[PDB]
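Q: Experimental structure and sequence below, a few questions after.
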Amino acid sequence: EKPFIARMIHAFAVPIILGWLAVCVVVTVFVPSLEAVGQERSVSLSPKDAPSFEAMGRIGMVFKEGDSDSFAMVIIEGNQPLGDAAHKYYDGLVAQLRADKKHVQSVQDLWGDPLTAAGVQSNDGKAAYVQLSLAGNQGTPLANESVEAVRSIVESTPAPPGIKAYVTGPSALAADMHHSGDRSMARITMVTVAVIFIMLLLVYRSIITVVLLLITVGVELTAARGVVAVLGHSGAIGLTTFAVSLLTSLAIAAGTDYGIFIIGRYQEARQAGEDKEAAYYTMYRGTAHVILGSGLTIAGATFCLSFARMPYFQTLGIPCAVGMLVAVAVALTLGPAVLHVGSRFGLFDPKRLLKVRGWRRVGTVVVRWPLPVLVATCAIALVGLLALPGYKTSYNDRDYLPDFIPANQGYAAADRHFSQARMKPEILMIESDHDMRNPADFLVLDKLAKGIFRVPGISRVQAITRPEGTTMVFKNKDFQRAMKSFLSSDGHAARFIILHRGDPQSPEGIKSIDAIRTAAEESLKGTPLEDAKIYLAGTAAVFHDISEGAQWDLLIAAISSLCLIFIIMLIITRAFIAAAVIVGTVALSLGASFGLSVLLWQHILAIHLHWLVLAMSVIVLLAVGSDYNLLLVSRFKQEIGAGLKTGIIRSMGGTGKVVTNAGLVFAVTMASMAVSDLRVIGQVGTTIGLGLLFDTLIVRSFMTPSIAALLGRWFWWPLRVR
Amino acid sequence: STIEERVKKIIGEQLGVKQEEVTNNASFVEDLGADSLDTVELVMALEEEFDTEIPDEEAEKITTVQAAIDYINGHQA
Ligand SMILES: CCCCCCCC/C=C\CCCCCCCC(=O)OC[C@H](COP(=O)(O)OCCN)OC(=O)CCCCCCC/C=C/CCCCCCCC
């Protein structure tokens, strides 16, 4: 049989090749590059409704010192204690920063005031810092401009002998994280292609087959990136360096797998003695629906990230979904089109005997004694959960970026003279309906300041009652500057600057937020300000919300993918139990991938998994893993008729070597992503790589065939099979 | 087709022997080159092709093409 779509591609193979090449030229020439669209289309890094985000907005609004949740800190360092010379350099620097209304919304200049200069100067005396409020939220294009605008001002200013200035803060780190991610795109792709080229050269032993196979992936990659770039450039979507980095590797990985499936089946047909024309249709009948089904799965699975609350995940759905739909559409049309035209010159014929005795013998054992094989593989798959009790996620973006990026250089300058908490302060603001500048309420400020200072895990609290941050009149001139700094001009609100002991990013720091809020309420209970409203802001408060949010949206991403992938597999295969088995088996194996990844990173390498790793990697593992099952199961439906058991053996031989090669290519492609500067994306890369190695070696080869052998005809319910 | 021809087809396909090459008297492990696992494949393939059960104890008694033919003839009724 010759399906209609196959005939059309066969008849118009040539222009289909030109049609996609012309499209590649258009998106390459008339559309800015994806790594350049992301920079002008990046998304804010915190959900608009997070209590930390809105609290940070209120504190800025009430104190009239900005509207964004973005702040940057300028550290001044010297080889000797900072004298008057540093002050002149500092004083001029602050005035210059104030003049830039566009980017620097406010400069909380404390070091220039003797009444509070010692509050920011290092105990060593050789360093000091100033906090800047920047325009635009963290990670947005405006914030990256503001950070650069501040950074250039610091660089252009002439420093005294031996003094140096660095710019840091969450916004600076986010700006540098984006640049590092894009800067490393070329290295990831060059390594990926170079490794894949060498691997495919061993599998086929023919350079032309590899060259044409990789060229087709280039068209899929260039068209997928080109289409996503058009959307971003038009303002339709938000982007992040994770989406660009993840999209690029998925297109290369998935795009190559479709090429391996297409050639793998075509070459198998030629071994059977089929003519070039008949072999091409045999390839289409056997893999056209598998590629489409394995394509809608990755597009659908990644799209389920759009239900997550974190912008890191929410913005990751559509760009990957559109990227995979475009890559798949090319693979289904350019693939068979290139295969046919190549066949006209006899380029894609197999170079070596495609032996099958290896997998038929494996399939015979699995099918003859399926229950023991099922039990052994389930235990191996489940034993990965032994790493769950010791699994500790991390939120410190510093540790997952190069040591030399400017934000990290400035941070390292702070650690040399300050405690690690000084660059990540915590602000608590109480707002009421009364003017609190009266002395009676100041006692409550003293009470709450001590009470908040009583919470474990805090080092320092600054306020009107504690100008220096530790325990030691309305008319003194010096006090007036403090009054307008720690009290709102209206007097209805006051704020306390709190410093933890130890990095607030740590789970210990996150635990402090709840204690701080409870302590604040306890201190104010039975006081005139008992009805006040408490707002908390800063890194500890930010990641208290992210930690809670990152949990549920891992569940939503995982559960939604299972529901969606099952629906796709149910439609593709038309069999209920087969659809459940295809994805159910991969769901169990997630424990093996989680165990392998935690063991490699947290234990062997002593680097905790970033909080983004599991949600991003779980989506791909379910998607790609089910595709390999779909390829295998879709072959069962063909070979059945010769026997429910003998069909599994025959299909195992045909699809055995094909999936193994395709499995390793995808695993290595995601593993090569560890070359990125962003260690967060490298952890995702090897987390997916390790899982797909497990899926291709155990899930598809020993678990799925054993379940099919066990269930018999019920594996194909409600289809009538004998 | 003929039951004997179908059995020979299955045997030849599994063991890589042509239809005319496989003989009634030939033995799988001694002449056609089978082993402890290719015989299991043979048994399962016959079971599936002819919708019949070869019990494990009975599996041992199929040592030649003929033995399979007699078994299936005595059970394909
Ligand atoms: C970018 C520009 C692209 C320009 C070109 C247009 C695209 C052309 C490419 C491909 C289309 C034609 C080739 C694809 C194969 C055609 C269908 C086919 O072969 O089988 C259909 C096959 C029939 O079943 P069998 O009988 O087993 O098949 C045997 C015959 N092969 O049915 C299927 O594959 C079912 C398809 C639907 C699956 C269920 C879909 C449910 C929804 C999924 C959502 C996916 C994610 C969405 C993300 C949205 C993001 C915003």
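A: Perfect, I can see it now. Numbering: from 1, shown residues only, chains lettered A, B, ... in the order given.
Q: contacts for the helix or strand that contains residue A:15?
A: Secondary structure assignment for residue A:15, by DSSP states H and E: helix A:13-29. For helix A:13-29, contacts defined as C-beta atoms under 8 Å, 6 or more residues apart in numbering or on different chains pick out A:9, A:219, A:222-223, A:225-227, A:229-230, A:330, A:333-334, A:336-338, A:340-341. Using the backbone N, CA and C atoms, a C-beta is placed for each residue, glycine as well.
Q: In chain B, which residue sits closest to the ligand?
A: residue B:48 (22.4 Å; C-beta to the nearest ligand atom).
Q: Wasn't that residue part of a strand?
A: No: applying DSSP: H, G, I helix; E, B strand; the rest coil, one finds residue B:48 to be helix, outside a strand.
Q: The residue lying closest to it once chain neighbours are set aside sits in which helix or strand?
A: The spatial neighbour of residue B:48 that comes closest, neighbours along the chain excluded (C-beta to C-beta, 6 or more residues apart in numbering or on different chains), is residue A:643 at 2.6 Å. Here residue A:643 sits in a region with no helix or strand, counting by DSSP H and E.
Q: Tell me if I'm right that residue A:643 and residue B:51 touch.
A: No: between residue A:643 and residue B:51 there is no contact under C-beta atoms under 8 Å: 9.3 Å.
Q: the more surrounded of these two?
A: residue A:643 (20 against 9; other C-beta atoms under 10 Å in any protein chain shown).
Q: list the contacts for the more buried one?
A: By C-beta under 8 Å, 6+ apart, the neighbours of residue A:643 are B:44-45, B:47-49.
Q: Also residue A:428?
A: By C-beta under 8 Å, 6+ apart, the neighbours of residue A:428 are A:452, A:495-496, A:498, A:516, A:520, A:534-537.
Q: Just the ones in helices from those residues, please.
A: Per DSSP state H, helices hold the following members of these: A:452, A:516, A:520.
Q: out of those, which is most surrounded?
A: residue A:516 (25 neighbours).
Q: where does the nearest residue to it once chain neighbours are set aside land in three-state SS?
A: The spatial neighbour of residue A:516 that comes closest, neighbours along the chain excluded (C-beta to C-beta, 6+ apart), is residue A:455 at 5.7 Å. At residue A:455, secondary structure determined by three-state DSSP is coil.
Q: roughly how far apart are residue A:455 and residue A:526?
A: 19 Å (C-beta to C-beta, to the nearest Å).
Q: swap in residue A:399?
A: 44 Å.
Q: ditto for residue A:686
A: Going from residue A:686 to residue A:526 by C-beta to C-beta gives 55 Å.
Q: the more surrounded of those two?
A: When neighbours are counted by other C-beta under 10 Å, residue A:686 and residue A:526 differ, and residue A:686 comes out ahead with 21 against 7.
Q: Distance from the helix or strand hosting the more buried one to the middle of the chain?
A: Counting by DSSP H and E, the element that carries residue A:686 is helix A:679-694. Offset of helix A:679-694 from its chain centre (C-alpha atoms, centre = their mean, to the nearest Å): 12 Å.
Q: And residue A:18, how close does it get to residue A:10?
A: 16 Å.
Q: Please disregard the earlier target; I meant residue A:562.
A: 37 Å.
Q: Repeat that for residue A:270.
A: Taking C-beta to C-beta, one finds residue A:270 at 16 Å from residue A:10.
Q: I'd say residue A:124 and residue A:419 touch.
A: No: between residue A:124 and residue A:419 there is no contact under C-beta under 8 Å: 11.5 Å.
Q: who's more crowded, the two?
A: residue A:419 (17 against 11).
Q: and residue A:713, what is it in contact with?
A: Counting by C-beta under 8 Å, 6+ apart, residue A:713 touches A:644, A:721-722.
Q: Distance to chain B and neighbour count added to these, as CSV?
A: Listed next are those as CSV, based on distance: C-beta to the nearest C-beta, whole Å; neighbours: other C-beta atoms under 10 Å in any protein chain shown:
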residue, distance to chain B, neighbour count
A:644, 7, 21
A:721, 12, 16
A:722, 8, 9
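Q: out of the residues you listed, who's nearest the ligand?
A: Distances from the ligand to these, taken by C-beta to the nearest ligand atom, are shortest for residue A:721, at 14.0 Å.
Q: Show me which positions of stretch A:517-536 end up buried.
A: A:517, A:519-520, A:523-524, A:529, A:532, A:535-536 (16 or more other C-beta atoms under 10 Å in any protein chain shown).
Q: can you narrow those residues to ones near chain B?
A: The overlap between the buried residues of stretch A:517-536 and the neighbours of chain B (C-beta under 8 Å from any C-beta of the partner chain) is empty.
Q: right, and the pair among those with maximum separation?
A: A:529 and A:536 (16.2 Å; C-beta to C-beta).
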